[PDB]
$ cat query25.cif   # mmCIF, C-alpha atoms
data_entry
loop_
_atom_site.label_atom_id
_atom_site.label_comp_id
_atom_site.auth_asym_id
_atom_site.auth_seq_id
_atom_site.Cartn_x
_atom_site.Cartn_y
_atom_site.Cartn_z
CA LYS P 1 -21.19 30.28 9.75
CA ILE P 2 -21.27 27.78 12.61
CA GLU P 3 -24.51 27.21 14.52
CA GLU P 4 -25.82 24.82 17.18
CA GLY P 5 -27.47 21.83 15.54
CA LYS P 6 -24.65 21.42 13.03
CA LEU P 7 -20.86 21.18 12.90
CA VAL P 8 -18.09 20.87 10.31
CA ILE P 9 -15.34 18.24 10.41
CA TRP P 10 -12.14 18.11 8.37
CA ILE P 11 -10.44 14.74 7.95
CA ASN P 12 -6.79 13.78 7.49
CA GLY P 13 -5.57 13.32 3.94
CA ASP P 14 -5.62 9.58 4.51
CA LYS P 15 -9.37 9.61 3.94
CA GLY P 16 -11.42 11.88 1.69
CA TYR P 17 -15.11 11.89 2.56
CA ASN P 18 -16.25 8.37 2.99
CA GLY P 19 -15.26 7.22 6.46
CA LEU P 20 -15.96 10.52 8.20
CA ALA P 21 -19.21 10.82 6.25
CA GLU P 22 -20.16 7.38 7.55
CA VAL P 23 -19.47 8.13 11.22
CA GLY P 24 -20.64 11.72 10.95
CA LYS P 25 -23.91 10.79 9.25
CA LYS P 26 -24.58 8.10 11.85
CA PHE P 27 -23.88 10.66 14.57
CA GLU P 28 -26.15 13.11 12.75
CA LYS P 29 -28.95 10.53 12.97
CA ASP P 30 -28.30 9.92 16.66
CA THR P 31 -28.20 13.50 17.92
CA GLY P 32 -30.15 15.03 15.05
CA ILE P 33 -27.38 17.56 14.48
CA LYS P 34 -26.12 18.08 10.94
CA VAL P 35 -22.63 16.75 10.24
CA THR P 36 -20.75 18.32 7.34
CA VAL P 37 -17.57 16.75 5.96
CA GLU P 38 -15.03 18.61 3.82
CA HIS P 39 -12.17 17.35 1.66
CA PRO P 40 -8.57 17.23 2.98
CA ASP P 41 -7.46 19.25 -0.05
CA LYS P 42 -8.86 22.43 1.49
CA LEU P 43 -8.12 21.20 5.01
CA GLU P 44 -4.49 22.29 5.22
CA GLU P 45 -4.86 25.31 2.94
CA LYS P 46 -7.99 26.89 4.39
CA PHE P 47 -7.54 26.00 8.05
CA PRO P 48 -5.37 29.05 8.84
CA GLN P 49 -7.38 31.23 6.46
CA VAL P 50 -10.81 30.37 7.86
CA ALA P 51 -9.43 30.86 11.37
CA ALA P 52 -8.61 34.43 10.37
CA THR P 53 -12.31 34.88 9.62
CA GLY P 54 -13.21 32.86 12.69
CA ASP P 55 -15.67 30.69 10.78
CA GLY P 56 -15.15 27.29 9.19
CA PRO P 57 -14.55 23.84 10.72
CA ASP P 58 -15.69 22.92 14.22
CA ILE P 59 -13.02 20.23 14.53
CA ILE P 60 -9.81 19.49 12.64
CA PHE P 61 -8.21 16.10 12.02
CA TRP P 62 -4.55 15.81 11.04
CA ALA P 63 -1.39 13.86 11.86
CA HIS P 64 1.59 15.95 12.95
CA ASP P 65 1.91 19.24 11.13
CA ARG P 66 -1.33 20.81 12.35
CA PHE P 67 -0.52 20.05 15.99
CA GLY P 68 1.98 22.90 16.14
CA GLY P 69 -0.06 25.09 13.83
CA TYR P 70 -3.34 25.39 15.71
CA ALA P 71 -1.86 24.87 19.17
CA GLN P 72 0.72 27.66 19.07
CA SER P 73 -1.58 29.97 17.11
CA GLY P 74 -4.41 29.49 19.58
CA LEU P 75 -6.78 28.29 16.87
CA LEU P 76 -8.20 25.55 19.10
CA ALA P 77 -10.10 25.36 22.38
CA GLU P 78 -8.20 23.60 25.16
CA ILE P 79 -9.31 20.08 26.05
CA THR P 80 -8.61 17.81 29.02
CA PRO P 81 -7.31 14.22 29.14
CA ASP P 82 -9.69 11.34 29.86
CA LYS P 83 -8.50 8.87 32.49
CA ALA P 84 -10.74 6.08 31.20
CA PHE P 85 -9.66 6.46 27.57
CA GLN P 86 -6.05 6.97 28.67
CA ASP P 87 -6.13 3.38 29.93
CA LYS P 88 -8.00 2.30 26.80
CA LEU P 89 -5.53 3.92 24.40
CA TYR P 90 -1.87 4.61 25.17
CA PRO P 91 -0.13 7.11 27.47
CA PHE P 92 2.33 8.23 24.80
CA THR P 93 -0.44 9.22 22.38
CA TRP P 94 -2.05 11.45 25.00
CA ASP P 95 1.42 12.95 25.37
CA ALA P 96 1.42 13.30 21.59
CA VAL P 97 -1.77 15.36 21.84
CA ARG P 98 -0.83 17.44 24.88
CA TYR P 99 0.58 20.98 24.75
CA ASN P 100 1.56 23.39 27.51
CA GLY P 101 0.02 21.23 30.21
CA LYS P 102 -3.34 21.14 28.45
CA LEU P 103 -4.55 18.62 25.87
CA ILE P 104 -4.86 19.96 22.32
CA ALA P 105 -6.09 16.88 20.47
CA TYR P 106 -7.27 13.28 20.71
CA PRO P 107 -5.45 10.23 19.30
CA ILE P 108 -7.51 8.87 16.40
CA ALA P 109 -5.20 6.46 14.60
CA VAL P 110 -1.68 5.01 14.72
CA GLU P 111 0.82 4.54 11.89
CA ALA P 112 4.08 2.61 12.23
CA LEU P 113 6.53 0.61 10.13
CA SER P 114 7.94 -2.92 10.39
CA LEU P 115 10.19 -5.42 8.60
CA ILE P 116 8.25 -8.07 6.69
CA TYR P 117 9.69 -11.47 5.82
CA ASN P 118 8.48 -14.68 4.16
CA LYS P 119 8.76 -17.82 6.29
CA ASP P 120 8.31 -19.68 3.00
CA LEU P 121 11.68 -18.43 1.77
CA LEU P 122 13.59 -17.67 4.97
CA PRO P 123 13.69 -20.24 7.80
CA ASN P 124 14.67 -17.50 10.25
CA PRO P 125 14.40 -13.68 10.14
CA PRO P 126 17.53 -11.51 10.45
CA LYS P 127 18.67 -10.07 13.78
CA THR P 128 20.99 -7.52 12.18
CA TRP P 129 21.00 -5.57 8.91
CA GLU P 130 24.47 -6.93 8.17
CA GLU P 131 22.81 -10.25 7.35
CA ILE P 132 20.64 -8.73 4.63
CA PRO P 133 23.29 -8.10 1.95
CA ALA P 134 25.14 -11.38 2.46
CA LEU P 135 21.77 -13.15 2.49
CA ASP P 136 20.86 -11.37 -0.75
CA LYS P 137 23.83 -13.20 -2.29
CA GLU P 138 22.74 -16.62 -1.04
CA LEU P 139 19.09 -16.73 -2.11
CA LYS P 140 20.05 -14.93 -5.31
CA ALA P 141 21.10 -18.41 -6.42
CA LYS P 142 17.41 -19.32 -6.37
CA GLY P 143 16.57 -16.19 -8.34
CA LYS P 144 15.24 -14.48 -5.22
CA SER P 145 16.03 -11.24 -3.40
CA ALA P 146 16.15 -11.15 0.38
CA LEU P 147 15.46 -7.49 1.16
CA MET P 148 13.78 -4.78 -0.91
CA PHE P 149 14.28 -1.08 -0.18
CA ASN P 150 14.21 2.38 -1.74
CA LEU P 151 17.76 3.75 -1.59
CA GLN P 152 16.88 6.83 -3.64
CA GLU P 153 14.28 7.71 -1.01
CA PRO P 154 15.08 9.52 2.26
CA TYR P 155 13.36 6.71 4.15
CA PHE P 156 16.23 4.26 3.70
CA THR P 157 19.14 6.70 3.57
CA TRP P 158 18.64 7.97 7.12
CA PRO P 159 18.42 4.62 8.95
CA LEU P 160 21.46 3.45 6.99
CA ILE P 161 23.63 6.51 7.59
CA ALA P 162 22.44 7.20 11.14
CA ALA P 163 22.66 3.59 12.27
CA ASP P 164 26.47 3.56 12.23
CA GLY P 165 26.48 6.96 13.89
CA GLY P 166 25.83 9.36 11.04
CA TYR P 167 23.03 11.18 12.84
CA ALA P 168 21.79 14.36 11.18
CA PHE P 169 21.04 15.88 14.58
CA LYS P 170 22.32 16.36 18.10
CA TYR P 171 19.54 15.87 20.65
CA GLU P 172 20.20 16.58 24.33
CA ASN P 173 18.09 17.69 27.28
CA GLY P 174 15.05 18.24 25.09
CA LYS P 175 17.01 20.46 22.71
CA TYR P 176 18.24 20.00 19.15
CA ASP P 177 21.49 21.49 17.87
CA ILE P 178 21.79 21.52 14.08
CA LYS P 179 25.29 22.97 14.33
CA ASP P 180 26.70 20.17 16.47
CA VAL P 181 25.48 17.13 14.56
CA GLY P 182 26.73 13.66 13.78
CA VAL P 183 26.97 13.82 9.99
CA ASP P 184 30.13 15.93 9.89
CA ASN P 185 32.02 13.01 11.44
CA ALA P 186 33.74 9.89 10.11
CA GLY P 187 30.74 7.82 11.13
CA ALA P 188 28.44 9.20 8.44
CA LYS P 189 31.15 8.65 5.83
CA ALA P 190 31.00 5.01 6.91
CA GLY P 191 27.29 5.13 6.10
CA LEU P 192 27.75 5.78 2.38
CA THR P 193 30.57 3.24 2.29
CA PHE P 194 28.19 0.45 3.30
CA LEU P 195 25.08 1.90 1.65
CA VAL P 196 26.58 1.70 -1.84
CA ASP P 197 27.91 -1.79 -1.19
CA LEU P 198 24.76 -3.80 -1.89
CA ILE P 199 23.19 -1.42 -4.41
CA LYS P 200 26.47 -1.26 -6.30
CA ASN P 201 26.22 -5.05 -6.18
CA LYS P 202 22.87 -4.61 -7.92
CA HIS P 203 20.82 -6.12 -5.10
CA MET P 204 18.05 -3.78 -6.25
CA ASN P 205 16.86 -2.10 -9.45
CA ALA P 206 16.40 1.64 -9.96
CA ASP P 207 12.69 1.01 -10.55
CA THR P 208 12.41 -1.24 -7.50
CA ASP P 209 9.67 -0.17 -5.09
CA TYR P 210 7.74 -1.34 -2.03
CA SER P 211 4.62 -2.08 -4.09
CA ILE P 212 6.71 -4.39 -6.26
CA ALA P 213 7.72 -6.22 -3.08
CA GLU P 214 4.05 -6.56 -2.17
CA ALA P 215 3.37 -8.12 -5.57
CA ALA P 216 6.55 -10.20 -5.41
CA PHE P 217 5.37 -11.88 -2.21
CA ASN P 218 2.46 -13.32 -4.19
CA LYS P 219 4.90 -15.38 -6.25
CA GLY P 220 7.52 -15.57 -3.51
CA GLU P 221 10.15 -13.70 -5.50
CA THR P 222 11.22 -11.45 -2.63
CA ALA P 223 12.03 -12.74 0.85
CA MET P 224 11.73 -9.52 2.86
CA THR P 225 10.55 -5.93 2.45
CA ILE P 226 10.25 -2.65 4.34
CA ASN P 227 6.69 -1.42 4.83
CA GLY P 228 4.25 0.19 7.25
CA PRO P 229 0.83 1.85 6.89
CA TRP P 230 1.03 1.06 3.18
CA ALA P 231 1.15 -2.66 3.95
CA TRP P 232 -2.63 -2.79 3.61
CA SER P 233 -2.06 -2.99 -0.15
CA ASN P 234 -0.97 -6.63 -0.03
CA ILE P 235 0.51 -7.82 3.25
CA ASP P 236 -1.33 -10.62 5.05
CA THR P 237 -1.10 -14.28 6.07
CA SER P 238 -3.70 -16.80 4.91
CA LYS P 239 -2.86 -20.35 3.84
CA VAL P 240 0.79 -19.28 3.69
CA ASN P 241 3.99 -19.02 5.72
CA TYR P 242 4.68 -15.31 6.19
CA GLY P 243 6.08 -13.49 9.20
CA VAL P 244 6.64 -9.92 10.35
CA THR P 245 8.86 -8.11 12.85
CA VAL P 246 9.88 -4.51 13.54
CA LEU P 247 13.17 -3.20 12.22
CA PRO P 248 16.40 -4.96 13.24
CA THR P 249 19.62 -3.28 14.37
CA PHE P 250 22.58 -2.08 12.30
CA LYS P 251 26.01 -1.32 13.78
CA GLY P 252 24.52 -1.40 17.26
CA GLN P 253 21.67 1.01 16.54
CA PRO P 254 17.97 0.26 15.92
CA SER P 255 16.32 0.87 12.55
CA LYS P 256 13.09 1.42 14.48
CA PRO P 257 11.26 4.06 12.39
CA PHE P 258 9.42 7.04 13.85
CA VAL P 259 5.82 6.69 15.02
CA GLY P 260 2.90 8.72 13.69
CA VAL P 261 -0.35 9.43 15.51
CA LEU P 262 -3.47 11.05 14.06
CA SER P 263 -4.57 13.98 16.21
CA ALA P 264 -7.98 15.67 16.31
CA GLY P 265 -8.53 19.06 17.92
CA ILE P 266 -11.43 21.29 18.94
CA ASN P 267 -11.66 24.60 17.08
CA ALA P 268 -11.55 27.60 19.41
CA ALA P 269 -14.07 29.38 17.20
CA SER P 270 -16.64 26.59 17.51
CA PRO P 271 -19.72 27.35 19.63
CA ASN P 272 -20.28 23.59 19.47
CA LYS P 273 -17.15 22.67 21.41
CA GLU P 274 -19.21 20.67 23.90
CA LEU P 275 -20.93 18.31 21.46
CA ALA P 276 -18.04 18.41 18.99
CA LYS P 277 -15.51 17.35 21.63
CA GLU P 278 -17.97 14.84 23.09
CA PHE P 279 -18.51 12.74 19.96
CA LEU P 280 -14.85 12.98 18.96
CA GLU P 281 -13.57 11.40 22.18
CA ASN P 282 -16.58 9.22 22.92
CA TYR P 283 -17.91 8.19 19.52
CA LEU P 284 -14.91 8.25 17.20
CA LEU P 285 -12.61 6.83 19.88
CA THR P 286 -14.66 3.68 20.40
CA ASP P 287 -14.68 0.19 18.92
CA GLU P 288 -17.76 1.12 16.90
CA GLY P 289 -16.68 4.48 15.55
CA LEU P 290 -13.13 3.79 14.41
CA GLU P 291 -14.33 0.41 13.14
CA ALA P 292 -16.88 2.17 10.93
CA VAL P 293 -14.12 4.14 9.20
CA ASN P 294 -11.62 1.29 8.94
CA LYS P 295 -14.38 -0.91 7.53
CA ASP P 296 -14.53 1.42 4.52
CA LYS P 297 -10.78 1.56 3.92
CA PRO P 298 -7.73 0.20 5.80
CA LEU P 299 -6.54 3.06 8.01
CA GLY P 300 -3.56 1.17 9.38
CA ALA P 301 -4.29 1.07 13.10
CA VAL P 302 -5.91 2.84 16.05
CA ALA P 303 -4.70 3.97 19.47
CA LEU P 304 -7.76 2.26 20.94
CA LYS P 305 -6.97 -1.16 22.39
CA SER P 306 -10.47 -2.49 21.71
CA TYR P 307 -10.20 -2.31 17.92
CA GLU P 308 -6.40 -2.34 17.89
CA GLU P 309 -6.40 -5.93 19.14
CA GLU P 310 -8.93 -6.87 16.46
CA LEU P 311 -7.06 -5.24 13.58
CA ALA P 312 -3.76 -6.47 15.03
CA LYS P 313 -4.98 -9.94 14.06
CA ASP P 314 -3.49 -9.01 10.70
CA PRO P 315 0.27 -9.73 10.54
CA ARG P 316 0.86 -6.41 8.79
CA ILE P 317 -0.18 -4.38 11.83
CA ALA P 318 0.79 -6.63 14.72
CA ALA P 319 4.50 -5.86 14.34
CA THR P 320 3.96 -2.15 13.69
CA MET P 321 2.14 -1.85 17.02
CA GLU P 322 5.34 -3.02 18.72
CA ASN P 323 7.27 -0.22 17.02
CA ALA P 324 4.43 2.16 17.89
CA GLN P 325 4.70 1.38 21.61
CA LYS P 326 8.49 1.14 21.56
CA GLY P 327 9.05 3.98 19.11
CA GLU P 328 8.86 7.77 19.34
CA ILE P 329 6.09 10.17 18.37
CA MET P 330 7.01 12.33 15.39
CA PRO P 331 9.89 13.71 17.48
CA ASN P 332 12.23 14.64 14.67
CA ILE P 333 10.94 18.15 14.09
CA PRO P 334 10.72 20.07 10.79
CA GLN P 335 14.49 20.35 10.49
CA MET P 336 15.05 16.63 9.95
CA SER P 337 12.88 16.58 6.83
CA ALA P 338 15.43 18.80 5.10
CA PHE P 339 18.30 16.79 6.57
CA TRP P 340 16.83 13.60 5.10
CA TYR P 341 16.89 15.23 1.67
CA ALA P 342 20.39 16.61 2.22
CA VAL P 343 21.65 13.10 2.97
CA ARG P 344 19.41 11.69 0.23
CA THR P 345 21.46 13.60 -2.35
CA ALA P 346 24.58 12.16 -0.73
CA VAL P 347 23.66 8.54 -1.45
CA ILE P 348 22.68 9.34 -5.03
CA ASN P 349 26.02 11.04 -5.66
CA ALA P 350 27.90 8.17 -4.01
CA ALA P 351 25.95 5.46 -5.82
CA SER P 352 26.17 7.14 -9.23
CA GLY P 353 29.89 7.65 -8.77
CA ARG P 354 29.46 11.38 -9.33
CA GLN P 355 31.05 12.13 -5.96
CA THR P 356 33.24 10.37 -3.40
CA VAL P 357 32.14 9.69 0.17
CA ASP P 358 34.30 12.65 1.17
CA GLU P 359 32.58 14.91 -1.36
CA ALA P 360 29.03 13.61 -1.02
CA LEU P 361 29.06 13.13 2.76
CA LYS P 362 30.58 16.56 3.34
CA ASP P 363 27.95 18.10 1.07
CA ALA P 364 25.22 16.29 3.00
CA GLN P 365 26.40 17.58 6.38
CA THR P 366 27.05 21.02 4.89
CA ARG P 367 23.40 21.24 3.85
CA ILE P 368 22.35 20.05 7.30
CA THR P 369 24.53 22.67 8.98
CA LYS P 370 23.74 25.28 6.33
#
$ encode --input "query25.cif" --output "C-alpha cells"
Amino acid sequence: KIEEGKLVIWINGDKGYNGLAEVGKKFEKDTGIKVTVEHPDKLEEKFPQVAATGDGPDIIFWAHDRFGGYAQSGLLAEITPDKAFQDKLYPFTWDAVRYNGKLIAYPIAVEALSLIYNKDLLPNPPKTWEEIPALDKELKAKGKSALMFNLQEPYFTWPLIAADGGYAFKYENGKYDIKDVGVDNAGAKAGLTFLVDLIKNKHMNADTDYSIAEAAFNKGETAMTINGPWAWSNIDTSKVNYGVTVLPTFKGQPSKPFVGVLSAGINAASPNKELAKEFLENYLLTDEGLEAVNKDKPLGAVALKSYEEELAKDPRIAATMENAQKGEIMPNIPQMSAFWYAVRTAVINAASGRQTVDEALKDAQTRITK
C-alpha cells in the first residue's frame, strides 16, 4: 500500500536502480520520507495491473509508450506546467508531456541522433547523402569506409526510402491516413533502387554495426557513422580531430531522425501526489538531480538547459541537441513501427536478389496498407 512518509518510483528501462536510487535516497534523507525504487522489468508489465488494484507506484517514468497508456486510461493525476521550468527546459517537451489541455508528465531526459564524422579522415563533412556512396569509393583506396549504417535495420531503411518520397504515411491536418500513403508510388521504388546501390557495392558487411564504427574510430578505419543516445559508448573528442553534425539531406528531404523525450507522470492513486510531484519537477529537474543520475551512467541528455549545456560540451550530444530542438517529438505513432518493418523486409528482399523493386516495394506498401 501507499502511505504518507514513503513513495514508490519506477524508472525508464534506460536505468535499472542505481541513478534513481541515488537521487531518491538523497531525497529520502532530505525530507525523511522513504523512497522505494523498482526495476523497469516490472515497470511496463505491472503498471496497468497495479493500477487495477489501485496500489503500486506513486510516480512512473517512461519515454513514449506510457504517455498514451496512463493518460487515456486516467491512471495519473493531472499536473500543471511550470512557467519557470518551461523557460529552463524547452517548450516542445512540455508539449510532449501535455494531454487534453492539462500536463500529464514532466520532461526528464532527451534522446536524439546525429551524423558523426572524423575530421582526421574527412576535410569536410557531407551536405547530402549522395556524397556518401561516391565518397566511400574514394577513401576505400586508403582502406577506409566513409559511412557506416545498418541496412538490415528499420532505422536506415526508412530515411533512405522516405527521403526520395517513399513515405510510409500520409500526414495532414493532424491526421494520419494509412490508406493514402507514399510507399505505393514510384518514389518508394526509387528508394530500393538507390538503397541497394552501395550495399550491393559492398560498402558494408552483413555483420557491420554501429558499435564497430565506434571501435573503428579509435584506429581511424571509418570516416563517418550514424549514432545517437548510444554514442556514449565511444564518441568523444580529446587530443583528436573529430566532428559531429545532425543528419544531412537526401533527394531534397532531411534525414533528421525523430526525437525522444523521457516523461514522468504522477499516479492518480497516489495520496502523495503533492510531495511526489514536487520533488519530480523541482529536484529531478534541476542541475543537481539530473546530474546525480547522469554521473552514474551516461543518460544521453536532459531537457534542462543548466545541465544540458554542461553535457553538451561532449561532441556526441552537442549535435543531437540541434536535432532535438529542430526535430519532432515521437510523432510517428504506433502504426509507423509496423511500417518500418514492412519496408525493412523490402530492402532485404531487394538486396538479396530474392525480389525485384516491383515485387519487394509493392509488398512493403501492401503490408503498410494491409
$ closest_atom_pairs --input "query25.cif" --of "stretch 72-131 of chain P" --to "stretch 306-330 of chain P" --cutoff "12 Å" --atoms "only C-alpha atoms" --output "JSON lines"
{"residue": "P:85", "atom": "CA", "partner": "P:306", "partner_atom": "CA", "distance": 10.7}
{"residue": "P:87", "atom": "CA", "partner": "P:306", "partner_atom": "CA", "distance": 11.0}
{"residue": "P:88", "atom": "CA", "partner": "P:306", "partner_atom": "CA", "distance": 7.4}
{"residue": "P:89", "atom": "CA", "partner": "P:306", "partner_atom": "CA", "distance": 8.5}
{"residue": "P:90", "atom": "CA", "partner": "P:325", "partner_atom": "CA", "distance": 8.1}
{"residue": "P:91", "atom": "CA", "partner": "P:325", "partner_atom": "CA", "distance": 9.5}
{"residue": "P:92", "atom": "CA", "partner": "P:329", "partner_atom": "CA", "distance": 7.7}
{"residue": "P:93", "atom": "CA", "partner": "P:329", "partner_atom": "CA", "distance": 7.7}
{"residue": "P:94", "atom": "CA", "partner": "P:329", "partner_atom": "CA", "distance": 10.6}
{"residue": "P:95", "atom": "CA", "partner": "P:329", "partner_atom": "CA", "distance": 8.9}
{"residue": "P:96", "atom": "CA", "partner": "P:329", "partner_atom": "CA", "distance": 6.5}
{"residue": "P:97", "atom": "CA", "partner": "P:329", "partner_atom": "CA", "distance": 10.0}
{"residue": "P:98", "atom": "CA", "partner": "P:329", "partner_atom": "CA", "distance": 12.0}
{"residue": "P:107", "atom": "CA", "partner": "P:329", "partner_atom": "CA", "distance": 11.6}
{"residue": "P:108", "atom": "CA", "partner": "P:308", "partner_atom": "CA", "distance": 11.4}
{"residue": "P:109", "atom": "CA", "partner": "P:308", "partner_atom": "CA", "distance": 9.5}
{"residue": "P:110", "atom": "CA", "partner": "P:324", "partner_atom": "CA", "distance": 7.5}
{"residue": "P:111", "atom": "CA", "partner": "P:324", "partner_atom": "CA", "distance": 7.4}
{"residue": "P:112", "atom": "CA", "partner": "P:320", "partner_atom": "CA", "distance": 5.0}
{"residue": "P:113", "atom": "CA", "partner": "P:320", "partner_atom": "CA", "distance": 5.2}
{"residue": "P:114", "atom": "CA", "partner": "P:320", "partner_atom": "CA", "distance": 5.2}
{"residue": "P:115", "atom": "CA", "partner": "P:319", "partner_atom": "CA", "distance": 8.1}
{"residue": "P:116", "atom": "CA", "partner": "P:316", "partner_atom": "CA", "distance": 7.9}
{"residue": "P:117", "atom": "CA", "partner": "P:316", "partner_atom": "CA", "distance": 10.6}
{"residue": "P:118", "atom": "CA", "partner": "P:315", "partner_atom": "CA", "distance": 11.5}
$ closest_residue --input "query25.cif" --among "P:58, P:3, P:288, P:45" --to "residue P:267" --atoms "only C-alpha atoms"
P:58
$ closest_residue --input "query25.cif" --among "P:5, P:51, P:182, P:361" --to "residue P:30" --atoms "only C-alpha atoms"
P:5
$ residues_around --input "query25.cif" --residues "residue P:220" --least-positions-apart "6" --cutoff "9 Å" --atoms "only C-alpha atoms" --output "VMD selection string"
chain P and resid 118 120 to 121 144
$ atom_distance --input "query25.cif" --atom1 "atom CA of residue P:259" --atom2 "atom CA of residue P:331"
8.5 Å
$ resolve_selection --input "query25.cif" --expression "the PyMOL selection byres ((chain P and resi 7-11) around 6)" --output "MDAnalysis selection string"
chainID P and resid 6 12 35:38 40 57:61
$ resolve_selection --input "query25.cif" --expression "the PyMOL selection byres ((chain P and resi 229) around 6)" --output "list in words"
residues 111, 228, 230, 231 and 300 of chain P
$ residues_around --input "query25.cif" --residues "residue P:65" --least-positions-apart "2" --cutoff "10 Å" --atoms "all atoms listed in the file" --output "short mmCIF file (atom, residue, chain, number, x, y, z; two decimals) with C-alpha atoms, in the coordinates of the input"
data_model
loop_
_atom_site.label_atom_id
_atom_site.label_comp_id
_atom_site.auth_asym_id
_atom_site.auth_seq_id
_atom_site.Cartn_x
_atom_site.Cartn_y
_atom_site.Cartn_z
CA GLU P 44 -4.49 22.29 5.22
CA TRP P 62 -4.55 15.81 11.04
CA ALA P 63 -1.39 13.86 11.86
CA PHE P 67 -0.52 20.05 15.99
CA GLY P 68 1.98 22.90 16.14
CA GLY P 69 -0.06 25.09 13.83
CA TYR P 70 -3.34 25.39 15.71
CA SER P 263 -4.57 13.98 16.21
CA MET P 330 7.01 12.33 15.39
CA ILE P 333 10.94 18.15 14.09
CA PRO P 334 10.72 20.07 10.79
#
$ resolve_selection --input "query25.cif" --expression "the PyMOL selection byres ((chain P and resi 103) around 9)" --output "ChimeraX atom specification"
/P:78-81,94-95,97-102,104-106,265
$ atom_distance --input "query25.cif" --atom1 "atom CA of residue P:232" --atom2 "atom CA of residue P:339"
28.8 Å
$ atom_distance --input "query25.cif" --atom1 "atom CA of residue P:164" --atom2 "atom CA of residue P:183"
10.5 Å
$ residues_around --input "query25.cif" --residues "residue P:170" --least-positions-apart "4" --cutoff "12 Å" --atoms "all atoms listed in the file" --output "ChimeraX atom specification"
/P:162,165-166,174-184,332,335-336,368-369
$ decode --input "query25.cif" --residues "stretch 301-312 of chain P" --atoms "N, CA, C and O atoms" --output "PDB file, in the first residue's frame"
ATOM      1  N   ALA P 301      21.138  12.950 -22.601  1.00  0.00           N
ATOM      2  CA  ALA P 301      20.945  14.387 -22.456  1.00  0.00           C
ATOM      3  C   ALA P 301      19.727  14.692 -21.590  1.00  0.00           C
ATOM      4  O   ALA P 301      18.929  13.804 -21.288  1.00  0.00           O
ATOM      5  N   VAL P 302      19.591  15.954 -21.193  1.00  0.00           N
ATOM      6  CA  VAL P 302      18.425  16.395 -20.437  1.00  0.00           C
ATOM      7  C   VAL P 302      17.733  17.566 -21.126  1.00  0.00           C
ATOM      8  O   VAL P 302      18.344  18.280 -21.919  1.00  0.00           O
ATOM      9  N   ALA P 303      16.455  17.757 -20.816  1.00  0.00           N
ATOM     10  CA  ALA P 303      15.711  18.906 -21.315  1.00  0.00           C
ATOM     11  C   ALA P 303      16.143  20.187 -20.610  1.00  0.00           C
ATOM     12  O   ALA P 303      15.877  21.291 -21.089  1.00  0.00           O
ATOM     13  N   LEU P 304      16.808  20.035 -19.471  1.00  0.00           N
ATOM     14  CA  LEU P 304      17.169  21.175 -18.637  1.00  0.00           C
ATOM     15  C   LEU P 304      18.423  21.863 -19.165  1.00  0.00           C
ATOM     16  O   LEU P 304      19.472  21.235 -19.315  1.00  0.00           O
ATOM     17  N   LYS P 305      18.311  23.157 -19.444  1.00  0.00           N
ATOM     18  CA  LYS P 305      19.393  23.900 -20.079  1.00  0.00           C
ATOM     19  C   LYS P 305      20.642  23.896 -19.205  1.00  0.00           C
ATOM     20  O   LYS P 305      21.765  23.891 -19.710  1.00  0.00           O
ATOM     21  N   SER P 306      20.440  23.896 -17.891  1.00  0.00           N
ATOM     22  CA  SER P 306      21.536  24.093 -16.949  1.00  0.00           C
ATOM     23  C   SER P 306      22.572  22.980 -17.081  1.00  0.00           C
ATOM     24  O   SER P 306      23.773  23.239 -17.152  1.00  0.00           O
ATOM     25  N   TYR P 307      22.097  21.740 -17.111  1.00  0.00           N
ATOM     26  CA  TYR P 307      22.978  20.588 -17.261  1.00  0.00           C
ATOM     27  C   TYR P 307      23.193  20.255 -18.735  1.00  0.00           C
ATOM     28  O   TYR P 307      24.232  19.719 -19.116  1.00  0.00           O
ATOM     29  N   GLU P 308      22.200  20.578 -19.558  1.00  0.00           N
ATOM     30  CA  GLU P 308      22.276  20.306 -20.989  1.00  0.00           C
ATOM     31  C   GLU P 308      23.494  20.985 -21.608  1.00  0.00           C
ATOM     32  O   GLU P 308      24.196  20.395 -22.428  1.00  0.00           O
ATOM     33  N   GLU P 309      23.738  22.229 -21.207  1.00  0.00           N
ATOM     34  CA  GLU P 309      24.891  22.976 -21.697  1.00  0.00           C
ATOM     35  C   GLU P 309      26.194  22.325 -21.245  1.00  0.00           C
ATOM     36  O   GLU P 309      27.189  22.336 -21.969  1.00  0.00           O
ATOM     37  N   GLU P 310      26.179  21.760 -20.042  1.00  0.00           N
ATOM     38  CA  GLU P 310      27.374  21.146 -19.473  1.00  0.00           C
ATOM     39  C   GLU P 310      27.690  19.825 -20.167  1.00  0.00           C
ATOM     40  O   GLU P 310      28.838  19.553 -20.518  1.00  0.00           O
ATOM     41  N   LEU P 311      26.663  19.005 -20.360  1.00  0.00           N
ATOM     42  CA  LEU P 311      26.824  17.721 -21.034  1.00  0.00           C
ATOM     43  C   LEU P 311      27.029  17.915 -22.532  1.00  0.00           C
ATOM     44  O   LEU P 311      27.653  17.088 -23.196  1.00  0.00           O
ATOM     45  N   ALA P 312      26.501  19.016 -23.060  1.00  0.00           N
ATOM     46  CA  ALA P 312      26.636  19.325 -24.477  1.00  0.00           C
ATOM     47  C   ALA P 312      28.085  19.640 -24.834  1.00  0.00           C
ATOM     48  O   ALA P 312      28.442  19.726 -26.010  1.00  0.00           O
TER      49      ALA P 312
END
